[PDB]
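Following: one structure in structure tokens, then a few remarks.
All of this is worked out from the model, or read from it or from the source named; these are not laboratory values. All Cβ positions, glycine included, derive from the backbone under ideal geometry; neighbour counts span all protein chains shown.
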Amino acid sequence: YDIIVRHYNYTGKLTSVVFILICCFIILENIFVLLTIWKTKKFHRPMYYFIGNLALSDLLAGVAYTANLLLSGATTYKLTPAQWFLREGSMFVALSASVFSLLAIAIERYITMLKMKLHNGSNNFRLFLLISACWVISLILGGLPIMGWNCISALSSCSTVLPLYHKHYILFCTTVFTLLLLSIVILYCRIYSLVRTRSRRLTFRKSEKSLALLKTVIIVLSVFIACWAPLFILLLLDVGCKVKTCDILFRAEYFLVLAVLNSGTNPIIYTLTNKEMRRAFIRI
Amino acid sequence: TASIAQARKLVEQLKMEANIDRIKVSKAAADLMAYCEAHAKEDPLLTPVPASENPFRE
Amino acid sequence: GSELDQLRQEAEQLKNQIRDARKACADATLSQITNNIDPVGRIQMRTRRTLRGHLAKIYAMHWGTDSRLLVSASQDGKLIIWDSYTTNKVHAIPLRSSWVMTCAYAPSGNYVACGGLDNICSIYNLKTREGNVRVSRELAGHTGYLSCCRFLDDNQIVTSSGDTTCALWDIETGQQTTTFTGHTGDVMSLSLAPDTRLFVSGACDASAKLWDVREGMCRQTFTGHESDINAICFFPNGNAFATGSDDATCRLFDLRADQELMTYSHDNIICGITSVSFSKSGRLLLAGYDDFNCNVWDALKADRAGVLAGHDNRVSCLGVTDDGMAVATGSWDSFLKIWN
Amino acid sequence: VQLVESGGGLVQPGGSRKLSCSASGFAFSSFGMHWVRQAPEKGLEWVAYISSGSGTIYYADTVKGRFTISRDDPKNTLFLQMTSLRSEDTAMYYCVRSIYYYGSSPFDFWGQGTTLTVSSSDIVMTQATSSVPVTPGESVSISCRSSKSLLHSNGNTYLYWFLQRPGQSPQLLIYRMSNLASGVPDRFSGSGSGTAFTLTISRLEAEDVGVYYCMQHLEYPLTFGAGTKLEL
Amino acid sequence: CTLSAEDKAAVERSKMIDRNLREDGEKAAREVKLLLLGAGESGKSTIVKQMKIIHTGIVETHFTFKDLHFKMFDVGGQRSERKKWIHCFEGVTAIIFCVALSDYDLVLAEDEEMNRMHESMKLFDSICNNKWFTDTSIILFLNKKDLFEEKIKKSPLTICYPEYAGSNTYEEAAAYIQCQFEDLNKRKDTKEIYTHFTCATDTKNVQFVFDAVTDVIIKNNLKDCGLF
Ligand SMILES: CC(C)Oc1ccc(-c2nc(-c3cccc4c3CC[C@@H]4NCCO)no2)cc1C#N
């Protein structure tokens, strides 16, 4: 329309086959994980519901990325600005939800390991509260640009990587992502510290499981941070760089590839780690 | 020598059971058939009953 | 040493004469005679109620005479008395030792008893003046564990202990009156006749015997199984009884003639049998297998005619009501279900 | 079991004294409690109820919001407080235990009662007559009529029946329509249809004389009858 | 609604009954339950008597240590078949097993050719390789040590064990016995065996039991959330 051609002209914005197949692979992996978790009565405790939520969330992320890549192209100029805002909202709602779930998993793990309860049975109130809070916070963070911080008048305030979004919104997203990343590491280090000290101190007279826990922590905590670093550094970089002064900013499509591939690689790590679910998958 | 008592007890039980009367198998089958065919109307398991009379309605 | 040899050959020729008389008396199987009857189409029974509230495995269940109240025991140590129609609870009788494996209900609805692994049969009173439940008597005269106990009357109880014996008790005096012996293995199953004059018990070595309460001696014995006996129930007529086993085989016997009539075995089952109960008219032989589901084995045709697979773990107890209105099954997942 | 009432004294209008009753010999923690006011030469009327565990507290429409009642489980003692007091609150006070489950017998044991003196829609249930002269050894038929169909969809009428001995507290005779209570002889029998209920006595002696009452329990605001007297 | 005046009173009874059931079902779920087994002369009596006590057929012993409630079921008076009443002990944290070191040259009664260690190993094999106890660890105890030393001093060890290459030393004999007992364990990936030698100090035995229980609890909690 009128405002769409203006912003893209101001910012200067005037190889997509393998992404479709990797996204369809992610979707099939996720619908397989859902079918595996659902049909088995053994995996019905509140623990595996977090993994199911994460799988549904990264499935939605894959579908949203597929839709965004299909709609992207020369047709972006013809569509209405609300449709564009819709695309961005969908993308943010997918990825934010995926990162948020991943934190609730660690919160539940730390709460469980904090005190020995001798049983897997627990209240579902906390589970429902965590799931609902995660989902509503993701939805609110995705829909906030529609209500306010729209960057519709100040053309200079809009970002360089993509227009129509205010810079303060990107800053807020970065400042919340860094806090989530800090909390994840804090919990995943405190749980290992707790498990090691109690076992060494209180099981002294009569190891192998401590090293396995260390390996699991140094795998899960490292795969996520190693892949979510490029997107974060690009989002902090585009803020400072001025308009038309960064050539790398124009080629920002490749950075999202590994960011969404993290969502597809999370089920592999969260399934091959434990033996029970691996045996259940082998049986199927 | 202590198994003699239990041996005499078991042989006494056997010779006592050896005096039980026997009836023809066809007669027993006919009696069972008559019994199951006589009371077949009052069995709500194999005979369907409308839900308007079942106290276990849901 | 010749006395034991001569008594052994005497017993052997007695057994030979018994089996000869048993074989000469039979002419044809029951399945051959019942070849001109229309079989039932399909027994499609859906769950109606779901009695929940237990926190452990379930080992026993009995239906009251009013066909409305039922009692169940669990390893948690409770003796909850359920209401079948409304699903509310009526009592929460606790236990001293949380190891129980049997239950019973009085024909008048007054007393409820439950044995266990502590070889002590305790009887509770439900019609006391106060609002609680008191222990009327505690019977302790057995060495092995108690397996199953049924109320013969309001003042007499018969118990099946694990030390190869069965005894009849007295409630007022508290001491056993008559003891039945003769079994070689652990007696773990018995059921009372409708007229409460005779009762049969299932041994632990492929043996089932018939006892009388008045005279108090073994009359007839039946064999034919391979592994053992695990469940016993009479025909509604009271003149025959069908027994379970562990090698996926339940059979039906006759009392007048010690012959085997029919065998209900299938080539697709290799699992044991836990509970067996007949129907109101003696046409459906319900059996609860330990492969997570039940069966609706026909009594006269020896072909399956229904499956009640609505369970999570192995079923351990099930019994039809007095009027044939519904059947209740209890599994190890602490969930009772009422099928109709 | 044993029940007794305390806190009975002359009170001027506008003054309040709490009522206390102590129960011993049973599990008070699992019995509901009913209060019953008995006016002189008049029929008794329901007052208040508390369920097991103080879950549901009910009151009467006349004294609603003016009486405060509570239970004390550790000491097995029951308390009743009122705020305002009028000239018509002069009556006897009884407490009766009641437990409700399948096959139970509510209102089984009546208390002794105390004396209180003061100096200055719903179901309508009317009994047949005031008094009947009966010579010993004859059958007696008493009819209690209601203005509503007490028969519920479940299939059981909720009309209770009990007798009061002269000078002593009344005792329950027949719950529901027909069942006999525990301890009473089998001479008493009852029947009904749903609107008109009657009771028949086979043989009458001298130790069972007094006044009769019929209670309703279908709808919660309990109402009693006028009271028919038996004359020897 | 459809319920009558007194029918709602009966429904309230179900609620309080279920509340009282749930309150007691949670109090008994936070205490450790462990089973005791052993031979007739395996010194189970001196073990159950030496340890702290607070408390025919089954016998239950209740004692507390370090804010933990332990229950010890001594199934020793059951003369019936063991395969019938063994499935009710499916849920248990540990299985205490007690044997006697000095009981290796004393033949079992009414028999002159079979040694007691043989049926001890047979019972251990039947307990460890049972289809129900495929996930519960096993704590093992050696009751006598000084009498065992005296016996290996006056009597050689080769009478009980047919093959032996070491010398008659207690330090290596105990290690050989422990390695032989730990060998009869087919499920080497789902259960572990904690061995200990019974000494005169009760504090050491109670501390060892507490340590084994804490280790089992930690392993169960780690396997609960699928962390390893
Ligand atoms: C805590 C979580 C929710 O934080 C975040 C989660 C997710 C994201 C996030 N950014 C983006 C994104 C970034 C740049 C460009 C583009 C996109 C989407 C499409 C667009 N491609 C057009 C190229 O011209 N996609 O997702 C950022 C943050 C932050 N900060």
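Give the stretch C:202-250 a look and list any residue that's part of a strand (DSSP E or B), under 16 Å from the mean Cα position of the chain (by Cα) and not charged (D, E, K, R), or say none.
C:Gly202, C:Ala208, C:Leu210, C:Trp211, C:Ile232, C:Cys233, C:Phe234, C:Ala240, C:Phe241, C:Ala242, C:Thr243, C:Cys250
Residues are listed down the side, and each one gets a yes or a no for (1) within 14 Å of chain B (Cβ to nearest Cβ); (2) buried (at least 21 other Cβ atoms within 10 Å of the Cβ); (3) part of a loop (DSSP other than H, G, I, E, B):
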{"position": "C:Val276", "(1), (2), (3)": "no, yes, no"}
{"position": "C:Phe292", "(1), (2), (3)": "no, no, yes"}
{"position": "C:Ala302", "(1), (2), (3)": "yes, no, yes"}
{"position": "C:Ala305", "(1), (2), (3)": "yes, no, yes"}
{"position": "C:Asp312", "(1), (2), (3)": "no, no, yes"}
{"position": "C:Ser316", "(1), (2), (3)": "no, no, no"}
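Restricting to the stretch D:155-193, count the residues that are surrounded by 13 or more Cβ atoms within 10 Å (Cβ to Cβ) and either assigned to a strand (DSSP E or B) or not assigned by CATH to the domain that holds D:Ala206 (or both).
Summing the residues that are surrounded by 13 or more Cβ atoms within 10 Å (Cβ to Cβ) and either assigned to a strand (DSSP E or B) or not assigned by CATH to the domain that holds D:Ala206 (or both) in the stretch D:155-193 gives 14.
Do we have A:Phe19 as more than 14 Å from chain E (Cβ to nearest Cβ) and either touching a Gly at 6+ places or on another chain (Cβ under 6 Å) or within 16 Å of the ligand (Cβ to nearest atom) (or both) here? Before you say what the answer is, go through the steps one by one.
Working: more than 14 Å from chain E (Cβ to nearest Cβ): yes; either touching a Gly at 6+ places or on another chain (Cβ under 6 Å) or within 16 Å of the ligand (Cβ to nearest atom) (or both): yes.
Judged against the criteria, A:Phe19 is a match.
Give the residues of the stretch C:252-261 that are assigned to a strand (DSSP E or B) and surrounded by 20 or more Cβ atoms within 10 Å (Cβ to Cβ), sorted by residue number. Don't jump to the end; show me each part of the working.
Step one: filter the stretch C:252-261 for residues assigned to a strand (DSSP E or B), giving C:252-254, C:260-261.
Answer for the stretch C:252-261, where residues must be assigned to a strand (DSSP E or B) and surrounded by 20 or more Cβ atoms within 10 Å (Cβ to Cβ): C:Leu252, C:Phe253, C:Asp254, C:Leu261.
Looking at D:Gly65, D:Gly15, D:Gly53, D:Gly8, which is the one that is assigned to a loop (DSSP other than H, G, I, E, B), under 14 Å from D:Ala91 (Cβ atoms) and either β-branched (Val, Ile, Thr) or not assigned by CATH to the domain that holds D:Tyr212 (or both)? Before you say what the answer is, go through the steps one by one.
Working: D:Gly65 fails: under 14 Å from D:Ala91 (Cβ atoms); D:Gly15 fails: under 14 Å from D:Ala91 (Cβ atoms); D:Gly53 fails: under 14 Å from D:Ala91 (Cβ atoms).
The unique qualifying residue is D:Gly8.
Need pairs with beta-carbon distance below 7 Å; first residue more than 7 Å from every other protein chain (Cβ to nearest Cβ) and over 26 Å from E:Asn205 (Cβ atoms) and within the stretch A:189-206, second part of a helix (DSSP H, G or I) and aromatic (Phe, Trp, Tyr); sequence gap 6+ or separate chains.
From residues that are more than 7 Å from every other protein chain (Cβ to nearest Cβ) and over 26 Å from E:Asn205 (Cβ atoms), the pairs are A:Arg190/A:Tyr110; A:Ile191/A:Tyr110.
Could you grab the pairs with beta carbons closer than 9 Å, sequence gap of 6+ or different chains, first residue in the stretch A:226-251 and of a type in the set (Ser, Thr, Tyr), second one within 11 Å of the ligand (Cβ to nearest atom) and outside any helix (DSSP H, G or I)?
A:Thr245/A:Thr160
Hey, could you check the stretch A:94-123 for residues that are of a type in the set (D, E, K, R) and not in a loop (DSSP other than H, G, I, E, B) and say which is nearest to the other protein chains (Cβ to nearest Cβ)? If you could, list the steps in order and put the result at the bottom.
Kept after step one, since they are of a type in the set (D, E, K, R), are these residues of the stretch A:94-123: A:108-109, A:115, A:117.
Of the ones still in play, those that are also not in a loop (DSSP other than H, G, I, E, B) are A:108-109.
On the way: A:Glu108: 8, A:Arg109: 5 Å.
The extreme case among them is A:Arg109.
So how many residues does the stretch D:18-47 have that are among the hydrophobic types (A, V, I, L, M, F, W, C) and either within 14 Å of chain C (Cβ to nearest Cβ) or assigned to a loop (DSSP other than H, G, I, E, B) (or both)? Let's see the steps before the verdict.
Narrowing the stretch D:18-47 to residues among the hydrophobic types (A, V, I, L, M, F, W, C): D:19, D:21, D:23, D:26-28, D:31, D:33, D:35-36, D:39, D:44, D:46-47.
Of the ones still in play, those that are also either within 14 Å of chain C (Cβ to nearest Cβ) or assigned to a loop (DSSP other than H, G, I, E, B) (or both) are D:23, D:26-28, D:31, D:33, D:39.
Of the residues in that region, 7 qualify.
Could you tell me which of the residues A:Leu129, A:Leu95, A:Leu103, A:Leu79 is more than 15 Å from the ligand (Cβ to nearest atom) and of a type in the set (A, V, I, L, M)?
Details: A:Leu95 fails: more than 15 Å from the ligand (Cβ to nearest atom); A:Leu103 fails: more than 15 Å from the ligand (Cβ to nearest atom); A:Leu79 fails: more than 15 Å from the ligand (Cβ to nearest atom).
When all the criteria are applied, what remains is A:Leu129.
Among residues belonging to the stretch A:53-76 that are among the polar types (S, T, N, Q) and either within 11 Å of the ligand (Cβ to nearest atom) or over 15 Å from A:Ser16 (Cβ atoms) (or both), point out the one that is surrounded by the fewest Cβ atoms within 10 Å (Cβ to Cβ). Even if it seems obvious, please write down each step before you answer.
Going through the stretch A:53-76, the residues among the polar types (S, T, N, Q) turn out to be A:53, A:57, A:66, A:68, A:72, A:75-76.
Then keep just the ones that are either within 11 Å of the ligand (Cβ to nearest atom) or over 15 Å from A:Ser16 (Cβ atoms) (or both); that gives A:53, A:57, A:68, A:72, A:76.
Working: A:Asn53: 22, A:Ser57: 26, A:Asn68: 16, A:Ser72: 12, A:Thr76: 14.
My answer is A:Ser72.
Take residues that are touching a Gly at 6+ places or on another chain (Cβ under 7 Å) and more than 9 Å from every other protein chain (Cβ to nearest Cβ) and tell me which of the strands (runs of 3 or more DSSP E) falling wholly in the stretch C:1-77 contain 2 or more. Before the answer, list the steps.
On the way: elements: C:47-52, C:58-63, C:69-74.
Answer list for the stretch C:1-77: C:58-63, C:69-74.
Look at the stretch B:28-58 and say how many of its residues are surrounded by fewer than 12 Cβ atoms within 10 Å (Cβ to Cβ), more than 24 Å from C:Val307 (Cβ to Cβ) and either facing another protein chain (nearest Cβ under 7 Å) or charged (D, E, K, R) (or both).
3
Collect the residues in the stretch E:66-109 that are of a type in the set (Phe, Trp, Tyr) and loosely packed, with under 15 Cβ neighbours inside 10 Å, keeping them in residue-number order. Let's see the steps before the verdict.
Quick first cut of the stretch E:66-109, residues of a type in the set (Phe, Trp, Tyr) only: E:70, E:73, E:85, E:89, E:97, E:104.
Matches in the stretch E:66-109: none.
Could we say that D:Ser104 is within 30 Å of E:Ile17 (Cβ to Cβ) and assigned to a loop (DSSP other than H, G, I, E, B) here?
yes
Considering every residue within the stretch E:204-215, establish whether at least one is within 11 Å of chain A (Cβ to nearest Cβ), surrounded by 15 or more Cβ atoms within 10 Å (Cβ to Cβ) and among the aromatic types (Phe, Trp, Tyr).
yes
Might you let me know whether the stretch C:87-98 holds any residue that is under 18 Å from C:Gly53 (Cα atoms) and more than 9 Å from chain E (Cβ to nearest Cβ)? Even if it seems obvious, please write down each step before you answer.
Initial filter on the stretch C:87-98 (under 18 Å from C:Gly53 (Cα atoms)): C:87-95, C:98.
With more than 9 Å from chain E (Cβ to nearest Cβ) added as a condition, the list becomes C:93, C:95.
Yes, the conditions are met somewhere in the stretch C:87-98.
For a quick check of your reading of the model, give me the residue pairs whose first member lies in the stretch A:150-163 and is away from chain E (no Cβ under 14 Å), whose second is β-branched (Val, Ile, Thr) and within 16 Å of the ligand (Cβ to nearest atom), with beta-carbon atoms closer than 7 Å and at least 6 apart or on different chains.
A:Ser159/A:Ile170; A:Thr160/A:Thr11; A:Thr160/A:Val243; A:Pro163/A:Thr11
When A:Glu276 is evaluated against the numbered criteria (1) closer than 25 Å to A:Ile22 by Cβ; (2) loosely packed, with under 15 Cβ neighbours inside 10 Å; (3) away from the ligand (no atom under 15 Å from the Cβ), which criterion, by number, is the only one it fails?
Failed condition: (1).
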